[PDB]
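Structure record follows, encoded as structure tokens.
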Amino acid sequence: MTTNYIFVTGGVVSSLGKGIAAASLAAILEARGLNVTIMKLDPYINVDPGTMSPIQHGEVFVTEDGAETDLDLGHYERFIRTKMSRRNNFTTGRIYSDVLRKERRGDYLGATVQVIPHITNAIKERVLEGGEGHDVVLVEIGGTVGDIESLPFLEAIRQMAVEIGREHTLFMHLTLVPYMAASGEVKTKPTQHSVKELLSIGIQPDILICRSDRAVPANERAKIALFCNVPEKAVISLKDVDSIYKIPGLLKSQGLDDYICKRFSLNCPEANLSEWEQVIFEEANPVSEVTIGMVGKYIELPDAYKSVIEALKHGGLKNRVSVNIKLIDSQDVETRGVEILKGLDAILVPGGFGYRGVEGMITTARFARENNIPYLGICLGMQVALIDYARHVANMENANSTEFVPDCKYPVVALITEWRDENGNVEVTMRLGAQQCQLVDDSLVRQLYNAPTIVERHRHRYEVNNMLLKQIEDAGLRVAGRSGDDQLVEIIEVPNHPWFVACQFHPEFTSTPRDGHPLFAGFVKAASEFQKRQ
Amino acid sequence: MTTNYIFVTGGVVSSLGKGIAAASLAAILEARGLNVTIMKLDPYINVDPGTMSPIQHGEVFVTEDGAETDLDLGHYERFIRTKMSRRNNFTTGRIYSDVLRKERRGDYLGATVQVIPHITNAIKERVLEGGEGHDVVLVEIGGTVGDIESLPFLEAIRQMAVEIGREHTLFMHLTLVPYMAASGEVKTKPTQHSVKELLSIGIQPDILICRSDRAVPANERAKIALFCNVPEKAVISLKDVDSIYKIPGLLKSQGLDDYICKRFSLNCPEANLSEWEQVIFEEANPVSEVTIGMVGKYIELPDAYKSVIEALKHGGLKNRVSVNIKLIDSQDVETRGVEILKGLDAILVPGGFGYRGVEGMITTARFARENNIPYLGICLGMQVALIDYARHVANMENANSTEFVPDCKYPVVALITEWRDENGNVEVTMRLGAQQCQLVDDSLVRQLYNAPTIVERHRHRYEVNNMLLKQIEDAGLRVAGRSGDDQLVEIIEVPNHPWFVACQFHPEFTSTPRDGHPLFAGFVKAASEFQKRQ
Amino acid sequence: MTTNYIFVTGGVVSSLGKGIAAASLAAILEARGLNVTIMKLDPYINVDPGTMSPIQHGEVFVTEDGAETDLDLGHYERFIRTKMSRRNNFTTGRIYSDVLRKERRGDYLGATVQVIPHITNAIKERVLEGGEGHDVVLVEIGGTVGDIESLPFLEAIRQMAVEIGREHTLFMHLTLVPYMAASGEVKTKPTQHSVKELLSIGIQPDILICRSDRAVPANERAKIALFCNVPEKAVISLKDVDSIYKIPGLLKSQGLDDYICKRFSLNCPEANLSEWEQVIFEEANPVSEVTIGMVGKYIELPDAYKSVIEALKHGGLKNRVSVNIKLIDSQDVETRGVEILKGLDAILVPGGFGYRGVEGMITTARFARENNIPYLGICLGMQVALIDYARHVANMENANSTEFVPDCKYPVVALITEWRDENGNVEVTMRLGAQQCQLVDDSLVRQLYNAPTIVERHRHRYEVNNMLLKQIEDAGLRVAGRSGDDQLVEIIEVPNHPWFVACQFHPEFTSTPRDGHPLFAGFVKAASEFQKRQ
Ligand SMILES: Nc1ccn([C@@H]2O[C@H](COP(=O)(O)OP(=O)(O)OP(=O)(O)O)[C@@H](O)[C@@H]2F)c(=O)n1
Ligand SMILES: Nc1ccn([C@@H]2O[C@H](COP(=O)(O)OP(=O)(O)OP(=O)(O)O)[C@@H](O)[C@@H]2F)c(=O)n1
Ligand SMILES: Nc1ccn([C@@H]2O[C@H](COP(=O)(O)OP(=O)(O)OP(=O)(O)O)[C@@H](O)[C@@H]2F)c(=O)n1
Ligand code: NA
Ligand code: NA
Ligand code: NA
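Residue numbers (PDB author numbering), protein chains in the order written: chain BBB, 1 to 428, 438 to 543; chain AAA, 1 to 428, 438 to 543; chain AAA', 1 to 428, 438 to 543. A prime marks a further copy of an entry chain.
Pasting the structure below:
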């Protein structure tokens, strides 16, 4: 059958939760047995988020194929089982970069290269490339309708709708319906003006998703329908929910998936949301409560640790525990000491780059190791764990990473090419995406993962220095996992500790609310067990 | 069968010939056996054009039922055989007048009366009133898309399309496609911008009629289709033709009627445009040529005499005479004398109000009478013919109308209530629309109309003074027609003349290019006869 | 000195509190010694709100000259000491009514009457009429920028700005800046889009007043300035304050009046807001608390009783009583009985029309009288108080108003022309605006107003029947006030009661927060006295 496209646009404001809304709709369609994918079109000129600061954009999501993408693809993978790739995320920058390259080498045969049709054609090609061979493709258009940055995307999808036909294309538009205290009424005017803006660029929306702090009553939905040339049943209320896992249910209860399947002439069974009903239940009914400190350098923006914060919450779902995440500035541990780590049932040190706040994270890994507080180190969290141990147990004074102190005596962490020992002797690449890791037979990790070989995702350059490893191993530290021919250290553990695991890979990118994650399941359990020994 | 609506809008500029294009489309649909009507929605505040001077938006057209309307209804009646009434023309003024009246007396029951829905409801009610009981209703929206004055009409028809459904409603949009000499190319940008403007108001055009001084090539039509979400075959070219009677053929040859009948699911035969082909043939194959002088006070805007000019052309068709119409200012006859009436094969004095330029018309009527030049007087053209004959034959010094000189000794023209004689002795209201007129047995008009009674349309309050008539009759003037129990003089003749006729009514409003008009056929024949004699 | 105009527009949503913001700005300019006025341009088709039910856009405000106006004029009179008249409020309906009347009788001399210039000219003439002879005129444009209904007003004021010049005209634009919980950020996008919409109509705002549930931070204000061609200091924040009396101070503290006086070249002293500081102080420092029950038929929209609710708050200010207003449906008293009138320190029955809920108010007046609960009746609240006393004390079975029961034996309230007695014997028009009322020597109101004559504002046609009055007077009811040569009953009192007063007029329309109102000051004092006694 012909591939169907749902173009999802945002009006009035950004921060409507358009990613989660699109992911939720994809979840309902997947729950119908449909082959569904989602792609994010980002209006930024960055060729990809690889260069971007976590504090500004939020976390860099890493796909299996090793693409650095918008954190929204994390939302997508946590709602549908289709694996994201490079084909599921592209930016204005990628499109202009491609068109400029083709132009400079002469692929347009001396033609004038214009936003229309050359930029729009490049956009359409990447949308077809990522979509074709699926039943339904959700295409999330970043930016707000009315802004300059999204116009080429909006013109591209307008052209696609006409070419492919309106039997296989829907326009879905999210708007804000603000509630005013003074009048006690919700306002449809912003939605009306947003739809006019969308029409002015040549797009008639087929479905309106109205975001408000409460449900949009029938009267206001009827007003929106009348003013926006949209049938009443295609005006969906999506209130501020206490849990995003409810959103698939709320959309189904309003017939959104029925309307879509009718429009695309899909005969498929009723959506089975039983896994989501289970997730909703687990989250609403925690038996215990835990305070887990996340000690890092990007806590200025929580979205910097989006997938880590979500992976913890998923650990809470599997153990029926309410995880209170305390975001602690690692630089505050340097200034004010381990005083601010007191009253934590567990400690997590997530990913990061740069020396700023790293000495605070080293101190944190020590305090966790010495006081038997459950610890999970991710990438940089493993680096500071190996440094702490080598520095304070194996007695390798000032042991550090070459990333932070290039010419230190004991570079316990360094690039493969920088690998040297304490005397400066030597022997004789960025790691991105899914890599097979070999677990050790007696390790806490091999128990939790319940398998010999795991696949987790890397985004790191600096590796555990194999030339200084044996000296750290003999001082008590255990290597729980390794990968490849170079036998690179993937996971370390501290025996004589209730729960101490640090890994190079980013386990948070494979964690889902439905299937959870072994490491975070274990980690939150250990946090619970620790909390009821006080 | 549900009534189908075609909403005709104009963009870029006014003066696109939107009325003639709508009329021409109606003529194709009429030629398919469809029950078709047209209505004009005028954005002006005047309750009707009754108060408006003809130097503004042109002549005041009068319908059978006595409605004063836009001259566009003249175009409608000349292209389809459906008779126009008050239901076929209304203004913003009419809508506001009706809604304000209803509001003031309390019909809206304490509701806030708003443009939406109260003004838009009133507009839709009048469109449904004028339209329902027809197969296809063409609704011409006056003004230009993007202007404030038309927005209530556009919002009204947007709501109609949604309510009635898109199976029974089409949006047809006329645009300008200018030719630029500099690039020798035709420009689609105005059409693109006009369609965006129409979309921003919530209307997707289904058909684009592109007006240019030449045919719009296939590539530019394909470009318009691409940018305007309109199928390529729904992009119609309409060049500036030498004859408006060719337009129905040009629209048919591009499949406009085929597209409309498909969208509306109408099983009707192919259009037989034989009647229009015949008119085109007649017009292109004249045998002789005449110059007819039209002497009036509104010549500065020819559309002041739209129906009269067209009626003269129809007379030409019926005699195979090419009519050269010379518009002559009656005020120039007051200054420069009868010198400017030389080289005329016939003289027409059309309708008008106010004394300005009337003495020039009286002189013109005298000149036509004394030099045996064929003369047709319409309304004022009859008044000045009666005045001429009263002064210069019946020897009534300064004989005039009370409209111009209230207290003259010989008010040969006056209101029925003002009727007096030369000594001021008396006997013991506006006429609008179709009135029966009794024709006199041995009269020129009796043999032209070939019937004892005729129906013609009036717009005048100033009648022939019956108290001074008997004196003018004895002096040689023949009453050729009377009407009503008041035996009001409708037609006069000077029988010592080849062709001298003047009527109170506006015969030009019943003249069509297909069926012609007896009076004008005779006038142009007399002009041809006069031309031959020189 | 040339009169200066500040055009106040709203974008994004209605219910921005635009009237109170304009009034507050007027109050700052008043406190600088400037001769300031405000006018409201309402986009509704109603010629005036006289026909409108109070459940629509709220209470019908009445001016001294007897004009029925938008309740915004209530806000204006409560913030400046300039008296509002018919010149301070007009609707689209009024403009169209005037232009249609002029057009129909022929004032436009055969011209085509268009929205531009004829409607826009009529609007500008009324703005100049209401404004000229003042230093600064605030012109509040009703509706929201982007809507059809306001476009004639916006085009009118655009033309005014150009004609008068930008040395004497400012555009002030109110927008919503929503807070999003998801991102914990404030959103400028709606303001950006609203300013673009205003610019697309040809208006560059000079000042932006940003409405949010909190202060708009400096960075977001700088962003708004950047995108909207507006200086940073002309971007004013206005949070949702706990008291509207603080708004003048907040606008002054951001230099709004300084910017306005600079742009208009006005040498006037710094604003002394001592009167507003005093009101704020009074409001924030109550000594006691009372619950006053307001029993009416319009409680579903509180703004139906805007001026009454405000008048009760002003009474509270003058007694340092915090007034808890309980809105009670009079229909609930008809069903559930006087049970719901328990725990009330005083009862107010405000104005209204129609029989619906009146029997509940009669019961309420009885309950207040018999249980010695302080009672204020306004217009209908007086009618039901007279009816109560006629039935239950003067023993007149089913005594009523002719408005509700036309043919009752005892029409104690009726039109002057309907006045009859119990046996149907007779004696041998709308009251609007300020009328003098004579107060009786030994009356409660005579001592509250401390004057023999008072000026109060009327809106009623149904008077006290003087033919049945003498019977009710003998039964104990005291006439406290009369007016005119017809000695119509204006105020009644039950003198066997701590505080029972009811007036025909609307005292709430002359009550201000600064100068209070004698009647309401007394009512709230009586409520305080009653509260203490329990
Ligand atoms: N294109 C449009 C749309 C609307 N209007 C007008 O709008 C006014 C209602 O004024 P409102 O502030 O209450 O706006 P509303 O439509 O109710 O939406 P909201 O309140 O839920 O935000 C009403 O006279 C009219 F419909 C308009 O003029 N042109
Ligand atoms: N919404 C739009 C539409 C078009 N464009 C651009 O427009 C440029 C061609 O500029 P042109 O003056 O030649 O305009 P064109 O479209 O050929 O119509 P025409 O009047 O010439 O017949 C071309 O780089 C690109 F298509 C645009 O930016 N945004
Ligand atoms: N005419 C405009 C204005 C802006 N843009 C773009 O807008 C994007 C930021 O998108 P945002 O949702 O964050 O909007 P922002 O401007 O911050 O206001 P706010 O509501 O968040 O307070 C940013 O890449 C770029 F500025 C645009 O394309 N064309
Ligand atoms: Na509203
Ligand atoms: Na071109
Ligand atoms: Na932002």
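Think of the CB as a built atom: it goes at the ideal place given N, C-alpha and C, for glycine as much as any other residue.
Contact under 9 angstroms by Cβ, residue i with residue j
i: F532/AAA; j: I309/AAA; result: no
i: residue 430/AAA; j: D42/AAA; result: The model of chain AAA omits the segment between 428 and 438, and residue 430/AAA is among the residues lacking coordinates.
i: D329/AAA; j: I378/AAA; result: no
i: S492/AAA'; j: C446/AAA'; result: yes
i: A368/BBB; j: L486/BBB; result: no
i: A536/BBB; j: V510/BBB; result: no
i: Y410/BBB; j: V503/BBB; result: no
i: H392/AAA'; j: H467/AAA'; result: no
Residue i Cβ short of 8 angstroms to ligand 5 heavy atom set
i: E185/AAA; result: yes
Proximity to residue i [Cα-Cα], best of the options
i: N400/AAA'; options: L415/AAA', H392/AAA', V384/AAA', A394/AAA'; result: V384/AAA'
i: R211/AAA; options: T2/AAA, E397/AAA, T175/AAA; result: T175/AAA
i: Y458/AAA'; options: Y305/AAA', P527/AAA', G357/AAA', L71/AAA'; result: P527/AAA'
i: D147/BBB; options: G525/AAA', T191/AAA', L376/AAA', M361/AAA'; result: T191/AAA'
i: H168/AAA'; options: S265/AAA', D257/AAA', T364/AAA', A484/AAA'; result: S265/AAA'
i: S253/AAA; options: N398/AAA, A215/AAA, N267/AAA; result: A215/AAA
i: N505/AAA; options: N372/AAA, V323/AAA, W419/AAA, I481/AAA; result: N372/AAA
i: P350/AAA; options: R126/AAA, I45/AAA, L327/AAA, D332/AAA; result: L327/AAA
i: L441/AAA; options: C268/AAA, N272/AAA, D206/AAA, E64/AAA; result: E64/AAA
Near ligand 3: residue i beta-carbon under 8 angstroms from a heavy atom
i: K223/AAA'; result: yes
i: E517/BBB; result: no
i: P43/BBB; result: yes
8 angstroms contact criterion, which residue i and residue j should meet: CB distance rounded
i: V113/AAA'; j: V136/AAA'; result: With a Cβ gap of about 33 angstroms, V113/AAA' and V136/AAA' do not count as contacting.
i: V47/AAA; j: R94/AAA; result: 5 angstroms
i: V290/BBB; j: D345/BBB; result: 4 angstroms
i: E140/AAA; j: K18/AAA; result: 6 angstroms
i: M39/AAA; j: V127/AAA; result: 7 angstroms
Any non-hydrogen atom of ligand 2 within 8 angstroms of residue i CB
i: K189/AAA; result: yes
i: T112/BBB; result: yes
Any non-hydrogen atom of ligand 4 within 8 angstroms of residue i CB
i: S14/AAA'; result: yes
beta-carbon residue i near ligand 1 non-hydrogen atom, thresh 8 angstroms
i: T51/BBB; result: no
i: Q192/BBB; result: yes
Cβ-heavy atom distance, residue i to ligand 8, below 8 angstroms
i: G493/BBB; result: By its list of ligands, the structure shown excludes ligand 8, since it contains just ligand 1, ligand 2, ligand 3, ligand 4, ligand 5 and ligand 6.
Touching or not, the stretch 334-350 of chain BBB and the stretch 496-505 of chain BBB, by the rule of three or more beta carbon pairs under 8 angstroms?
In short, these stretches do not touch, since the Cβ pair count stays below three.
Should the stretch 16-27 of chain BBB be called in touch with the stretch 243-253 of chain BBB, which here means at least 3 C-beta pairs below 8 angstroms?
They touch, by the three-pair rule.
Is the stretch 198-209 of chain BBB close to the stretch 181-190 of chain BBB, with three or more CB pairs under 8 angstroms?
Per the Cβ contact rule, the stretch 198-209 of chain BBB is not in contact with the stretch 181-190 of chain BBB (fewer than 3 Cβ pairs under 8 angstroms).
Pair every Cβ in the stretch 58-73 of chain AAA with every Cβ in the stretch 312-327 of chain AAA, then say whether three or more of these pairs are closer than 8 angstroms.
Contact between the stretch 58-73 of chain AAA and the stretch 312-327 of chain AAA is absent: fewer than 3 CB-CB pairs across the two stretches fall below 8 angstroms.
contact_flag[the stretch 158-165 of chain AAA', the stretch 116-128 of chain AAA'] where n(CB pairs < 8 angstroms) is 3 or more:
Touching, yes, given that three or more Cβ pairs across the two stretches are closer than 8 angstroms.
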